[PDB]
């Protein structure tokens, strides 16, 4: 919250950490950050301490083998419910040793073997107690245990604070599983999500859910998991998640044999092979984000009221170099740092390899294993400032610099569509301090996310997907597209048509709908917006404590007041 104790403690460390960063980070990089030329993310954590950002947790390797967690040498779980109980504790622990999001990829496949152990236990109990209908007891009890295991997970993640006093920022993916255990997990996740959280069944912010969609798996009428696709459509319409990823487009962009889950919100690894040619996903991470204020490049290239193309080329080149220096500055902090810093990450399997206590952690990140993020924002406002559409062109050129950086250093730089929940305002506020109200750019008080078409443009779902799709193939380090839609709870067919179009043309996709609930009557209709707050169409209730109203106005779900 803010005045809550663990948050206050965290703010104290955050302040000490900003001060230490002022002594570690070269002046020109700091100055560029204060002025809003760039944005060095997570300065209240790094480089004062050698934290990394987000990751794909290697849960499979952890669970299969042993691993130490806290003071406890955990063994392979022998039931599904214990497996997600351990998954929940790893969630809290990983969140406390990085400043970014934690992702568990393909939990349907990974947790499958523990649903199998639960099933065998009940089969053993059907013989032990002379149960007449044996195959129906084992299945029915297993269905219940799995439902309960993922209710446990969803609640644990919403009832525990990490180091920083907040609920852990975690995402869960699924959808490539077709075996009966893998189907059951997916239905359990989606059904718990539909039921909602707590007494009143509210819409949770976390975990993020993302489902993979593929032809031959869950995309068309005839596919095996097509019933699960319909469950997911109902869930999306009541609770926003799950977002979907097109397995086909995802693998083309990443170069991966299997769909690549996003770390945190939408950071994507590209394909990487270990020393024996195996494709590795789980365990890999991102080292940080620096974000380039693209509108500011253009604003600073104005001479009078007129754009100067030559000036723009000079500052662009100069600012790209600058961003490399900022990104490299923090990676340099990681030199000499030992694996004692975060045993759960480095010693015990979360990052997929066991380092010894006295090993340097940075060697793990080298030669393309970890990604590193050059963010950007405000293509819409860039296009207005330069007078034409240069989005695909400037982003393609940014990739060309990134390739050079990758080859000079060994670190795998990628272009990242910064989620920028509040950075949209920060950059605009600082650009306003210099240039004032500029028509169509700073006047509204925010910059538009990445390559997204303006939220104030009159466009259909289908035409927005088309305009945005090309960018998923360019900003390979991170991207998503949203479409705004009304209540779709009694129009699952229209929603599905937008999913299918999205899955055909782009990588990662979500749909922003209104998800409201009046507690006193029970209406799940969209509330109408007053100047005071929200109001119930059918009853007329206006108390915030007697309703749940969730939008995704930017990146995360939240209540808009």
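Positions refer to the first chain, counted from 1. For the two forms, the rigid core is made up of the largest set of C-alpha atoms that agree within 1.5 Å on superposition.
- Two stretches, 152 to 160 and 177 to 185, are weighed by how far their CA atoms sit from the shown form in 4 other deposited structures of this protein after rigid core superposition; the farther one is 152 to 160.
- Farther from the shown form on average, by C-alpha root mean square after a core fit in 4 other deposited structures of this protein, is 68 to 76, of the stretches 339 to 347 and 68 to 76.
- In the comparison with other entries of the same protein, residue 532 is left without coordinates in at least one third of those covering both sides of it.
- Across the other compared structures of the same protein with both neighbouring residues present, residue 523 lacks coordinates in at least a third.
- Of the two segments examined, 17 to 25 and 545 to 553, it is 545 to 553 that shows the higher average Cα temperature factor in the deposited entry.
- Taking only CA atoms, the mean B-factor in the PDB entry is higher for 68 to 76 than for the other of 339 to 347 and 68 to 76.
- The maximum CA B-factor among the listed residues 37, 513, 57, 63, taken from the PDB record, is found at 513.
- Remark: of 280, 382, 90, 126, 126 shows the highest value [criterion: C-alpha B-factor in the PDB entry].
- Looking at the C-alpha B-factors along this chain, the one for residue 488 belongs to the highest third.
- Among the modelled residues of its chain, residue 330 has a C-alpha B-factor that falls in the middle third, as given in the PDB entry.
- Among all modelled residues in its chain, residue 525 ranks in the highest third by Cα B-factor.
- In the deposited entry, the Cα temperature factor of residue 242 places it in the middle third of its chain's modelled residues.
- Sort the modelled residues of the chain by CA B factor and residue 358 lands in the middle third.
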